[PDB]
Asker: 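Starting off with a structure, shown below.
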Amino acid sequence: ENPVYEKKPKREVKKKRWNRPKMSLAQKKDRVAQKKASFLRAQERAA
RNA sequence: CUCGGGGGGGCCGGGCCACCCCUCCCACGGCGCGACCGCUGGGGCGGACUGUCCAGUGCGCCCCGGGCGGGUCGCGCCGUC
């Protein structure tokens, strides 16, 4: 009788982000620097 | 002027270049200033994350400021047989 499809009406939604974005080169570079400082810092404490 | 023959100066008008002042535009090059794009320390807020010391790194919006680069445009000045 009526096979047509009435598309569900789109609604504007609050812009929300549900997953992390890629870490930047600077952040990835700093993290290595922080990790290296932490490793030696621990080694000095042990001694 | 020289022996009718021979050698010369010419005839008055216009505009142009050299002389002296300014003066319009264009092109090229240089110096100085401004507007817009436009390469890239701070401050405020929001957030996401990182580090086996509380410290640190991006991202978003906005407000600055520096180094000082170029591109477009607008000027002022200087140079050009």
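Lettering of chains follows the sequences in order, A, B, ..., and the numbering in each one begins at 1. Basis for what follows: all heavy atoms, side chains included, without hydrogens, waters or symmetry-related copies.
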Asker: Could you please name the option among B/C53, B/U50, B/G56 that lies closest to any side-chain atom of A/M23?
Answerer: B/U50
Asker: Have B/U57 and B/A48 got a Watson-Crick or G-U wobble pairing, both distances under 3.5 Å?
Answerer: yes
Asker: I'd like to know if B/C31 pairs with B/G38, where a pair means Watson-Crick or G-U wobble geometry with both distances below 3.5 Å.
Answerer: no
Asker: Output side-chain donor-acceptor pairs under 3.5 Å for residues 6-20 of chain A, partner residues at least two apart or in another chain, one line each.
Answerer:
{"residue": "A/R17", "atom": "NE", "partner": "A/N19", "partner atom": "O", "Å": "3.1"}

Asker: Could you tell me the separation between the NZ atom of A/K14 and the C1' atom of B/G47, rounded to a whole number of Å?
Answerer: 15 Å
Asker: Tell me, please, if B/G66 and B/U40 meet the Watson-Crick or G-U wobble pairing rule with both distances under 3.5 Å?
Answerer: yes
Asker: A/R17 CZ to B/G58 P: how many Å, rounded?
Answerer: 19 Å
Asker: Is B/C26 on the north side or the south side, where north means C1'-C2'-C3'-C4' is positive?
Answerer: north
Asker: Quick one: A/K22 NZ to B/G60 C1', roughly how many Å, whole number?
Answerer: 20 Å
Asker: Hey, would you call B/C64 and B/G65 stacked, ring centres under 5.5 angstrom, planes off by under 30 degrees?
Answerer: yes
Asker: From C-beta outward on A/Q27, which listed nucleotide comes closest to its side chain: B/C53, B/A48, B/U50?
Answerer: B/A48
Asker: Answer yes or no: are the six-membered ring centres of B/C19 and B/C20 under 5.5 Å apart with planes under 30°?
Answerer: yes
Asker: Using the P atom in both, what is the distance from B/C39 to B/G71, to the nearest Å?
Answerer: 14 Å
Asker: Would B/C73 and B/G46 pass as a Watson-Crick or G-U wobble pair if both distances have to be under 3.5 angstrom?
Answerer: no
Asker: Go ahead and name the base partner of B/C16; Watson-Crick or wobble counts if both distances stay under 3.5 Å, otherwise write none.
Answerer: none
Asker: Between A/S24 and A/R31, which has a closest nucleotide on RNA chain B that is more 5'?
Answerer: A/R31
Asker: Mind telling me if B/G58 is syn or anti? Syn here is a glycosidic angle within 90° of 0.
Answerer: syn
Asker: How long is the span from the NZ atom in A/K36 to the CZ atom in A/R41, to the nearest 0.5 Å?
Answerer: 14.0 Å
Asker: Output the rounded distance in Å from CZ (A/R45) to P (B/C53).
Answerer: 8 Å
Asker: Could you check whether B/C49 and B/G56 make a Watson-Crick or G-U wobble pair, counting it only if both donor-acceptor distances come in under 3.5 Å?
Answerer: yes
Asker: I want to check one thing: is the phosphate of B/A48, taken as OP1 and OP2, less than 4.0 Å away from some side-chain N or O of A/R20?
Answerer: no
Asker: Could you check B/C21 for me: syn (within 90° of 0) or anti?
Answerer: anti
Asker: Which is true for A/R41 with a 4.0 Å heavy-atom rule: it touches a base, it touches only sugar-phosphate, or it touches nothing?
Answerer: base
Asker: Find the partner of B/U23: check Watson-Crick (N1-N3 plus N6-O4 or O6-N4) and G-U wobble (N1-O2, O6-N3) distances, both under 3.5 Å, and reply none if neither fits.
Answerer: none
Asker: Provide the distance between the two P atoms, one in B/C22 and one in B/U72, to the nearest whole Å.
Answerer: 35 Å
Asker: Rounded to whole angstrom, note down the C1' distance from B/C19 over to B/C73.
Answerer: 42 Å
Asker: Taking the same atom, P, in B/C31 and in B/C62, what whole-Å distance lies between them?
Answerer: 37 Å
Asker: What integer distance in Å separates A/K28:NZ from B/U57:P?
Answerer: 17 Å
Asker: Positive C1'-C2'-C3'-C4' means north, negative means south, so call it for the sugar of B/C11.
Answerer: south
Asker: On a whole-Å scale, what distance lies between the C1' atoms belonging to B/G34 and B/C49?
Answerer: 45 Å
Asker: Could you check which nucleotide pairs with B/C53 in any of the strands shown, counting Watson-Crick or G-U wobble with both distances under 3.5 Å?
Answerer: none
Asker: What pucker, north or south, follows for B/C53 from the sign of the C1'-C2'-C3'-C4' torsion?
Answerer: south
Asker: What's the gap between B/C28 and B/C59 when it is taken at their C1' atoms, as a whole Å value?
Answerer: 49 Å
Asker: Could you check whether A/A42 gets within reach of a base, just the sugar-phosphate, or nothing at all, counting any heavy atom under 4.0 Å?
Answerer: base
Asker: Distance between the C1' atoms of B/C78 and B/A18, in whole angstroms?
Answerer: 26 Å
Asker: Measure from the side-chain heavy atoms of A/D30 and tell me the nearest of B/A55, B/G58, B/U57.
Answerer: B/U57
Asker: Determine the interatomic distance between P on B/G43 and the same-named atom on B/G58; round to the nearest Å.
Answerer: 14 Å
Asker: How long is the line joining CG of A/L25 and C1' of B/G58, in whole Å?
Answerer: 10 Å
Asker: Could you tell me the separation between the CD atom of A/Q34 and the P atom of B/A55, rounded to a whole number of Å?
Answerer: 13 Å
Asker: To the nearest 0.5 Å, what is the distance between CG (A/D30) and CE (A/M23)?
Answerer: 9.5 Å
Asker: B/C28 pairs with which nucleotide, Watson-Crick or G-U wobble, both distances below 3.5 Å?
Answerer: B/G79
Asker: What about B/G10 and B/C19: are they a Watson-Crick or G-U wobble pair, with both distances under 3.5 Å?
Answerer: no
